[PDB]
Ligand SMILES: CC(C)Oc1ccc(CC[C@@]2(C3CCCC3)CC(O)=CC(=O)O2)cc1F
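There is one chain below, alone, in structure tokens, taken in the form solved without the ligand.
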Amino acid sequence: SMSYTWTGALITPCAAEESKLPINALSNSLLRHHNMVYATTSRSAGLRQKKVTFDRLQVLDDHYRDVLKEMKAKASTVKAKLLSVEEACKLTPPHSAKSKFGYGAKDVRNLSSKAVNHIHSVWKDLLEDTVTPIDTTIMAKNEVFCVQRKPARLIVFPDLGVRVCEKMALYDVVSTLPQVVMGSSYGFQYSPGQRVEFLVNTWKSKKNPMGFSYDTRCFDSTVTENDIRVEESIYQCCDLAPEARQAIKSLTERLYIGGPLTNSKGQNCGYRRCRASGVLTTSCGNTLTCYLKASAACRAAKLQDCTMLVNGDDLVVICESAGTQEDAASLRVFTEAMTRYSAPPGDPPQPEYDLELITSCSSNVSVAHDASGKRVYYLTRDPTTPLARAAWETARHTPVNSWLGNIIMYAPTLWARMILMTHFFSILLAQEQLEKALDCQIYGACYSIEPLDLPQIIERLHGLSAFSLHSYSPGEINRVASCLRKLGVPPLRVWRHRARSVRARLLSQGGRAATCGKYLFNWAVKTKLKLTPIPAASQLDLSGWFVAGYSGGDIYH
């Protein structure tokens, strides 16, 4: 069937959009080639509409059905609980798009009677109606990039009332079933250090390791009604409260499978017959689907001893090599299978025999050295998009602080430490806003974070060695330096000098701000210290931090 049908109504913005990088007094201190940075807007939504619209055909064979039978057997061991309206409400972001029924996100979180009364009747309607398609809003994402211009990603999402109900019925399933079904292959269960650990141990576990990533063209569009149905049969394998089963079935038939698309102005835009990107189960269902197709494709291509790592639509496979040219032929057979399954490639997969050349979740493993000269593997990425985004956040306050999220995910990296930490801690000092909490996303879920808790969070996540890394690899140092040339970012030498200043200004304030100077910026001094564990770090509730993915999922912690 066609992934989408369109009436020709435009996808409309909910407010004023900017596409050129706003500039302020701080802008040039970070990035000077302002014209290489842009933000996607709703002005380009029509090209994405063309791009995500095509016919899917699926040919499902025994390898496909065998794997599914395996996954369901695992799924059968999962017990999930219904969440209460109250529990579901506190998972709602403070800033989540308001209902069309006279209440917003803060209404939800306060368990206000208007919100709770509406939520109860959506629930009841779900239990009493398994047919009537549920309405969705279609919007264009404003995301910041660097000239390669990409058209805007789209977001399709049901009303605030449906979204609370979704959590009641499926929050516990989507958090817990994926690890049980996919085991160590489920990606969102790992912190960045645990991901590096798994990749390395896996690579080492092969007699002759080969690895490749597989990038599907517009994954959401390739998801068919069969797929969304298949993943419901997985869910329904769980031990469930009868109200949960009924609601999951209802949400599957009415919403997950398909539904009408309405713009921010109230006009019908068309019909969806593929994955909606703004539903709770988006991440879990894409992960499951990508894992089923790929697993099944590993058998068609007779790839030997595969260890897959899947995060939504993002897939890396590490297997036993069969010889370079035979690996090349293998992957072509992998791709013909994936294609039959309705998941053809963007870029054709390539075999890699150097772990550090594999990109997965936009990231690669690299090596540096700790205080003792020990080799230590860490996760990193091309800093271009991080830097483009930080330029923007340098002038405009945004719903998500990518700089903050990147500091946490890439704390051990050359670029996060030397540039991101230096830049934004300088900004925060001048506004006296270190204790002001800021929203970032980690694995698609929203978190409110104090810049001041950074060294404690970084210690827990990556360990004290993130504050001591040095002697980075030549390829990593070159990729960073070269990105800086491209973007017009001061060279790493300038950052070091600025950081001695930021460090000094931080220690001057004493307390936690000083701990920030001490731990985050110890790399910037000759008279560097011994970094002992932070006392208050065990008091942090880092439970629930790397357990599941919830992108599109409207989840707050």
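All residue numbers refer to positions in the sequence shown, first residue = 1.
- According to the record, 4 to 9 deposited residues between residue 148 and residue 149 are left without atomic coordinates.
- Per the PDB record, of the two stretches 294-302 and 105-113, 105-113 carries the greater mean B-factor over its C-alpha atoms.
- Stretch comparison (277-285 versus 137-145) by mean CA B-factor in the PDB entry places 137-145 on top.
- The residue among 253, 393, 232, 87 whose C-alpha carries the highest B-factor in the deposited model is 87.
- Of the candidates 331, 247, 78, 461, the PDB record gives 461 the highest C-alpha temperature factor.
- Ranked by C-alpha B-factor against the other modelled residues of its chain, residue 372 falls in the highest third.
- The PDB entry assigns residue 125 a C-alpha temperature factor belonging to the middle third of its chain's modelled residues.
- Sort the modelled residues of the chain by CA B factor and residue 556 lands in the highest third.
- When the modelled residues of the chain are ordered by their C-alpha B factor, residue 339 lands in the lowest third.
- In this PDB entry, the Cα temperature factor of residue 45 sits in the middle third of its chain's modelled residues.
Although it is not shown, the form solved in complex with the ligand is what the next lines describe.
- Exactly one of the stretches 71-79, 257-265, 415-423, 104-112 approaches the ligand in the deposited complex with heavy atoms within 4.5 Å, and it is 415-423.
- 471 is the sole member of 84, 117, 208, 471 with a non-hydrogen atom within 4.5 Å of the ligand in the deposited complex.
- Taking 477, 329, 452, 180 one by one, only a single residue has any non-hydrogen atom within 4.5 Å of the ligand in the deposited complex, and it is 477.
- Residues 481, 492 and 496 are all found to lie within 4.5 Å of the ligand in the deposited complex, as judged by heavy atom distances.
- Although the partner is absent here, residue 54 sits far enough away that none of its heavy atoms falls within 4.5 Å of the ligand in the deposited complex.
- Of all the residues from 513-530, the single one having a non-hydrogen atom no more than 4.5 Å from the ligand in the deposited complex is 523.
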